[PDB]
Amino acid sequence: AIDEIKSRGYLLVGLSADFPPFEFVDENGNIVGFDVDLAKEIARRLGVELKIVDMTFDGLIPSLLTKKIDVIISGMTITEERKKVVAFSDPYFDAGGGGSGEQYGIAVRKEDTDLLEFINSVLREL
């Protein structure tokens, strides 16, 4: 998937912008937050621009499956249920400390292994 992303020259990241401080719409109408910063960094490291695709949260995994987005970065807890359908990066936020409780991960289609490997490298670098 990475060759195709780089050839396109942009990364499509899905999120649901109603979850401060991770993603929300600010007083200027811009989507901002922790997840937006992380998406910017991943795109930057891939040498591509970023397009945030805002949608409803329940829409995210369906959009990822249908290839409307490359990844999900949206305050998404890593769960066994979601692991049945998508792949997750290493956790990038731990809500409860010591790896307890909710951990957020970046969701990737299972077949896009190179992309997942690359995102994991970035997360370790951050």
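We number the residues from 1 along the sequence you see.
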Per the PDB record, is the mean Cα temperature factor higher over 88-96 or over 65-73? 88-96
With reference to the PDB entry, specify whether the mean Cα temperature factor is higher for 21-29 or for 102-110. 21-29
For the chain shown, is the CA B-factor of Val53 in the lowest, middle or highest third of its modelled residues? middle
Among modelled residues of the same chain, the CA temperature factor third for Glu80: middle
By the entry's values, the third containing the CA B factor of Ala43 is the middle
